[PDB]
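In the working numbering, the protein residues as written are 14 to 248.
Quick reminder that beta carbons are idealized off the backbone N, C-alpha and C, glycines included.
These notes are about the structure you will find just below.
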Ligand SMILES: [Mg+2]
Ligand SMILES: [Mg+2]
Ligand SMILES: [Mg+2]
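Encoded structure:
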């Protein structure tokens, strides 16, 4: 399968606390993390999350692929710990944090595991049809399902994120992959500017490197309020 990643600061923020990583060699897992935190806390956080999940997976992939849930859950904690450790040290970054979305493909690339903590999403496109797999870990999001798409007040506050000692929710769930459909991993940066409609259109793009770029370009054109990162995987 063809995979492509691409990040970018956007049109406003001078820095970039987004991060991502693709397992180019084997293509077994993918990551994306939206970091937050003053004094370059966000960059540290997202990097830590990605490095730690990544390393943890490369270590117990063969060992626990028969049990993906434990694998992912454990990986996320490895990162959550890493981050929390940094908070306790550098006091300027006590409030650093990050989100993370990860996809873990089965040896036989037919099943796709989706783990996540935060408001970065995972989408599944199939035969001109986009579907959101993950559920934003936020209050207003967790208001609805008691509130309508009139989201706009506090709609930004996360309710979960790596880098909290009380971390109580690592959403892991499988989805079936039918040759042809596409997989997407993004950060609020994408979805805050583009609607699922627009997103679906660009994803239809046959070339993943073309889509990924179209996605980021599109995103920045609607405005670049946040750092945007996307990982497009064609099954
Ligand atoms: Mg951020
Ligand atoms: Mg958000
Ligand atoms: Mg963000």
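Per-residue DSSP class, three states only, for residue i
i: residue 192; result: coil
i: residue 129; result: strand
i: residue 158; result: coil
i: residue 147; result: coil
i: residue 244; result: strand
Buried/exposed call for residue i, threshold 16 Cβ in 10 Å
i: residue 109; result: buried
i: residue 29; result: buried
i: residue 51; result: exposed
i: residue 157; result: exposed
i: residue 104; result: exposed
i: residue 242; result: buried
Pairwise C-alpha distance: residue j and residue i
i: residue 82; j: residue 245; result: 23 Å
i: residue 113; j: residue 166; result: 24 Å
i: residue 161; j: residue 54; result: 33 Å
i: residue 100; j: residue 192; result: 43 Å
i: residue 176; j: residue 143; result: 31 Å
i: residue 96; j: residue 111; result: 9 Å
i: residue 214; j: residue 227; result: 10 Å
i: residue 98; j: residue 61; result: 11 Å
i: residue 42; j: residue 71; result: 9 Å
Integer-rounded CB distance, given that residue j should sit under 8 Å from residue i
i: residue 74; j: residue 115; result: About 12 Å; that fails the 8 Å criterion.
i: residue 4; j: residue 135; result: Given that the chain is displayed from residue 14 to residue 248, the structure contains no residue 4 and the question cannot be resolved.
i: residue 209; j: residue 47; result: In fact, because the Cβ distance is near 18 Å, the residues do not count as touching under 8 Å.
Residue nearest to residue i in terms of C-alpha spacing, selected from the options
i: residue 140; options: 241, 31, 217; result: 217
i: residue 120; options: 150, 76, 145, 67; result: 76
i: residue 173; options: 99, 66, 93, 226; result: 93
i: residue 171; options: 206, 88, 220, 132; result: 132
i: residue 35; options: 24, 25, 20; result: 20
i: residue 44; options: 129, 169, 146; result: 129
i: residue 180; options: 102, 78, 163, 150; result: 150
i: residue 168; options: 152, 183, 88, 235; result: 152
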